[PDB]
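First comes the structure, then the notes that go with it.
Values reported hereafter were calculated over all heavy atoms of this structure, with side chains retained and with hydrogens, waters and symmetry mates removed. Proteins get letters first, then strands, A, B, ... in listed order; numbering begins at 1 in each.
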Amino acid sequence: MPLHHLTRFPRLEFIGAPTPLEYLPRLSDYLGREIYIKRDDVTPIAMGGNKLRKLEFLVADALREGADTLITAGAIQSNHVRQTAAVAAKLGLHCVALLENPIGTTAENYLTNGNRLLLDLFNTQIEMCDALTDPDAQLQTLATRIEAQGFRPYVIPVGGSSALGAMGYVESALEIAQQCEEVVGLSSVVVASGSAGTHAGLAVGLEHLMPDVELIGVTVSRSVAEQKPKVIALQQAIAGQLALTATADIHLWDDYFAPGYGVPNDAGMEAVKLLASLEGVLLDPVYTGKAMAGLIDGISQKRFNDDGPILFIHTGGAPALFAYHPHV
Amino acid sequence: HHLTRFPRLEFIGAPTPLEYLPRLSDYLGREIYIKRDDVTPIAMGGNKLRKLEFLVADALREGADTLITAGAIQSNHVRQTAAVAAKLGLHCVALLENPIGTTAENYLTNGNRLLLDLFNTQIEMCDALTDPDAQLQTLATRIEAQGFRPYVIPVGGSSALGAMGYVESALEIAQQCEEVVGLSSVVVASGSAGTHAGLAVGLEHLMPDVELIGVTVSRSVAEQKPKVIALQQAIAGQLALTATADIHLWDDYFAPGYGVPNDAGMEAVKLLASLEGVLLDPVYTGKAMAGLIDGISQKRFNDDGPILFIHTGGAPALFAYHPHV
Ligand SMILES: Cc1ncc(COP(=O)(O)O)c(C/N=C2\CONC2=O)c1O
Ligand SMILES: Cc1ncc(COP(=O)(O)O)c(C/N=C2\CONC2=O)c1O
């Protein structure tokens, strides 16, 4: 009921029913600790993900402005760009994607397979660039050129992580709260923390619906020092827009992404292997694999606030498995 | 009625979506709906999860500790079985063949085949699955001699028990379709036959006016019809029903063979992707959608009314089939 101001934002229906919240009995056995999973990897458009929730709000907003083109940015293998491109195609909007190679790879599958293949299936107009040094500004320049061609573009920022976009994860917290109700009394929630909309949206929602639960973001691209201010700003802007206050502290663990965004690491791949072999759940080498590696090491190192049930938010990413194989 | 008397595991939960496809409908000049069984929640999804609910229940009731099955290197059925084995703590042994003689690295190692590896699937390569039921049985015996307790899942999980999952799917469809329809037509890919046959039984009894058309993906009408019919009669027998409906099959859409992409198939993949953000695949749903399209093209359906396409999954093979062969 404190999140009722959410009702006032127009949104499209991309998801429908709440995504499953499942107990992981085999993984729990192995880690010695009750673990659950929020399956946002099973959202029903083009192989799923956390970005569909944000797109419900952002695309609603675009249509409301009479836009006919969605414009966004990410790595060649971004899930966000793939989701945005899938939603564009489904609604008959044009889509332009500004892409970069953040790891300097020349591997054929990174360059052409996985998410990148799907963009071509979606008739995505592709704009390569050297490095997204200033993505907000670089998106704007692109939007101007696109407009000059007569299109009516709507810029979706990196990962859809504006306060409006992040409303989808406030919404997700309501699902989670309901799903947990009488069930598992949760101590902790683990989510990947990248462009920050998921983390920030969950922070606001969980502070007001489950204020005793500890929320941990495992960084996938940045140190705590670089990432915290970004999650905080979004948290405050989301709160502002919902006429709430957000006093919770943001928690981040930055030990699990080295050597960099989009580079696999051993602990990441081990987590992917663990979850596949124990639960038939597919994680990914860029986001959820590193996040699950974080969760695991936090049990190892007694990093969590107590010994109680943990909820892992599965944010998607699996198509990247095929792009990352055999190596980058 | 009797469907309930069969033990089943919960792999799916809520009914899968049934969606109108307004952009595709607009382009074809015809109302089109899709049953999204590509969205089942385990390891990238598919039609086989429905069958596995019944078959794996049965395995557990016999105290098995190992699932054994067979398919192509890029089979979805094997990948779905392997995921289910992994999640239940069961070992899995997959008997694989290369049905198209390819040496392309992604066909051999990526897509579904990569996933088997992540699931710790024990892999048995063989030159050709000439007699899959027999070959599976021999395998089962050697596995048993190592002290395991194996349970054979036949190709495609298409035994009468396995096909109960698609009788079940017809219920979901029937209930979902009251808001909408009236359907004239349902289109599904017809391979090892469990999907086709189970839908045949369910739909005869729940929507007897709807025409069900299977687009073959591996065989001529002459070869496939007896297989679907046998399964239809066995399913009906086990539910103490009769099944008098004719089986309809279109075999024009799979040349030059099982597991080989064709132009119409890839054009169907491209069409659904660019119009609806839906992902089909080169082996199964792409060819099936090509058939639905050509049926409209050639006025092959019984009338001009709404069509339901059953999406049976397959998308991970897109990544195995790229760039070619
Ligand atoms: C599977 C997966 N998990 C997690 C995230 C991170 O959530 P976020 O913090 O982004 O809200 C992304 C999106 N990645 C977007 C953000 O980073 N670069 C991209 O194009 C993703 O695809
Ligand atoms: C996406 C997809 N569609 C359709 C089918 C065919 O369904 P059926 O008619 O067999 O129930 C399969 C079956 N996988 C079987 C079919 O052929 N060999 C296999 O491994 C499949 O993976």
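The 12-atom threshold is exceeded at CG of A/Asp134, counting heavy atoms of other residues, nucleotides or ligands nearer than 6.0 Å.
Remark: the backbone N or O of A/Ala203 is not paired with any side-chain donor or acceptor of A/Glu207 at under 3.5 angstrom. A donor-acceptor pair under 3.5 Å links the side-chain atoms of B/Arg23 to the main chain of B/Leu275, judged by distance alone. Of the possible polar contacts, one joining the A/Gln236 side chain to the A/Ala246 backbone as a donor-acceptor pair under 3.5 Å is found. No side-chain donor-acceptor contact under 3.5 Å links A/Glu22 to the backbone of A/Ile37. In terms of modelled atom types and a separation under 3.5 Å, the side chain of B/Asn106 and the main chain of B/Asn110 share no donor-acceptor contact. The backbone N or O of A/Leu119 sits less than 3.5 Å from a side-chain atom of A/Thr124, completing a donor-acceptor pair. At distances below 3.5 Å, at least one donor-acceptor pair connects side-chain atoms of A/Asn101 with backbone N or O atoms of A/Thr105. Remark: the backbone N or O of A/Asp249 is paired with a side-chain donor or acceptor of A/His251 at under 3.5 angstrom. Judged by distance alone, the side chain of A/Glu214 and the main-chain N or O of A/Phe304 form no donor-acceptor pair under 3.5 Å. Of the possible polar contacts, none joining the A/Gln125 side chain to the A/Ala97 backbone as a donor-acceptor pair under 3.5 Å is found.
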### Task
Check the pair A/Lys38, A/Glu175 against salt bridge (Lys or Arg N to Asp or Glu O under 4.0 Å), reporting the backbone distance first and the verdict last.
CA-CA 10 Å; A/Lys38 178 54 157 160; A/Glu175 285 190 26; 2.9 Å; yes
### Task
Run the numbers on A/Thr198 and A/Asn50 for side chain to side chain donor-acceptor pair (under 3.5 Å), then give the verdict.
CA-CA 7 Å; A/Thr198 310; A/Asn50 60 341; 3.0 Å; yes
### Message
For a side chain to side chain donor-acceptor pair (under 3.5 Å) check, start with the C-alpha distance between A/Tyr154 and A/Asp61, then their side-chain angles and the critical distance, and finish with the verdict.
### Response
CA-CA 9 Å; A/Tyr154 183 93; A/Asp61 195 48; 2.7 Å; yes
#### Entry: Test side chain to side chain contact (heavy atoms under 4.5 Å, CB included) applied to A/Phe151 and A/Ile71, step by step
CA-CA 11 Å; A/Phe151 291 95; A/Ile71 296 191; over 6 Å; no
### B/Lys270 vs B/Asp263, salt bridge (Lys or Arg N to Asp or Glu O under 4.0 Å): CA-CA, chis, key distance, verdict
CA-CA 10 Å; B/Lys270 192 31 210 275; B/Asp263 292 338; over 6 Å; no
#### Entry: Worked verdict on A/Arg53 versus A/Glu171 for salt bridge (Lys or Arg N to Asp or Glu O under 4.0 Å)
CA-CA 8 Å; A/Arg53 287 189 197 275; A/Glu171 206 51 283; over 6 Å; no
### Message
A/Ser161 vs A/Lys54, test: side chain to side chain contact (heavy atoms under 4.5 Å, CB included). Steps then yes/no.
### Response
CA-CA 8 Å; A/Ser161 295; A/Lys54 307 189 174 67; 4.0 Å; yes
### Query
When you look at A/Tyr261 and A/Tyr287, which way does the ring pair (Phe, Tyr, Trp, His ring centres under 6.0 Å) test go after all the steps?
CA-CA 9 Å; A/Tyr261 171 72; A/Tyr287 300 98; 5.8 Å; yes
#### Entry: side chain to side chain contact (heavy atoms under 4.5 Å, CB included) between A/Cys129 and A/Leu98, intermediate numbers included
CA-CA 7 Å; A/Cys129 76; A/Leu98 181 55; 3.7 Å; yes
### Message
Using side chain to side chain contact (heavy atoms under 4.5 Å, CB included), reason through A/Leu202 and A/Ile176 one step at a time and then give a plain yes or no.
### Response
CA-CA 10 Å; A/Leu202 283 174; A/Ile176 299 163; 3.9 Å; yes
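Counting heavy atoms from C-beta on, the side chains of B/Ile73 and B/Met125 come closer than 4.5 Å. The shortest distance between side-chain heavy atoms of B/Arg79 and B/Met44 falls below 4.5 Å. Inter-residue side-chain proximity for A/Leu142 and A/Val96 is flagged as met; some heavy-atom pair is nearer than 4.5 Å. Residues B/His311 and B/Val278 have side chains in contact (heavy-atom distance under 4.5 Å, counting atoms from C-beta outward). Counting heavy atoms from C-beta on, the side chains of B/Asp37 and B/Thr312 never come closer than 4.5 Å. The side-chain heavy atoms of B/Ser75 and B/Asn112, taken from C-beta on, include no pair separated by under 4.5 Å. Side-chain contact between A/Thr72 and A/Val158 is absent, with no heavy atoms from C-beta onward closer than 4.5 Å. Here the side chains of A/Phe322 and B/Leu115 are in contact, with some heavy-atom distance below 4.5 Å.
Between A/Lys51 and A/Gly159 the shortest heavy-atom distance is NZ-O, 2.7 Å. For the residue pair A/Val328 and A/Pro264, the shortest heavy atom distance occurs at CG2-CD, 4.0 Å. Residues A/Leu274 and A/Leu27 share a closest heavy-atom pair of CD2-CD1, 3.6 Å. Minimum interatomic distance between B/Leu280 and B/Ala268 (heavy atoms only, all atoms of both residues): CD1-O, 3.8 Å. Nearest heavy atom pair, residue A/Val155 against residue A/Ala143, reads CG2-CB, 3.8 Å. Residues A/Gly316 and A/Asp284 share a closest heavy-atom pair of O-OD2, 3.4 Å.
In this structure, the ring pair (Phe, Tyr, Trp, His ring centres under 6.0 Å) partners of B/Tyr321, at least two apart in sequence or on a different chain, are B/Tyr107. Listed by chain and residue number, nothing satisfies the side chain to side chain donor-acceptor pair (under 3.5 Å) test with A/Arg33 (two or more places apart in sequence, or in another chain).
If you check the side chains of A/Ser277 and B/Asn120, you find no donor sitting under 3.5 Å from an acceptor. Under the 3.5 Å distance criterion, with hydrogens and angles disregarded, a donor-acceptor pair is assigned to the side chains of A/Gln227 and A/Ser193.
For the atom pair CD1 (A/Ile216) and CG (A/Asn305), the distance works out to 7.5 Å, reported to the nearest 0.5 Å. To the nearest 0.5 angstrom, A/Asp68 atom CG is 12.0 Å from A/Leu91 atom CG. Expressed to the nearest 0.5 Å, how far CD of A/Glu279 lies from CZ of B/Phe119 amounts to 11.5 Å. Between atom CG of residue B/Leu114 and atom CD of residue B/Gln74 there is a gap of 9.0 Å, rounded to the nearest 0.5 Å. Expressed to the nearest 0.5 Å, how far CG of A/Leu63 lies from CG of A/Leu70 amounts to 8.0 Å. Note that NZ of B/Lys87 and CD1 of B/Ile42 are 3.0 Å apart. Values are rounded to the nearest 0.5 Å.
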Result block: side-chain N/O donor-acceptor pairs under 3.5 angstrom for residues 289-297 of chain A, not counting sequence neighbours:
{"residue": "A/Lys290", "atom": "NZ", "partner": "A/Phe257", "partner atom": "O", "Å": "2.8"}
{"residue": "A/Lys290", "atom": "NZ", "partner": "A/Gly260", "partner atom": "O", "Å": "3.0"}
{"residue": "A/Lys290", "atom": "NZ", "partner": "A/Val263", "partner atom": "O", "Å": "2.7"}
{"residue": "A/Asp297", "atom": "OD2", "partner": "A/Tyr256", "partner atom": "OH", "Å": "2.5"}

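Ion pair A/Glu147/A/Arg152 not flagged as a salt bridge, since none of the NZ, NE, NH1 or NH2 atoms sits closer than 4.0 Å to an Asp/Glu carboxylate oxygen.
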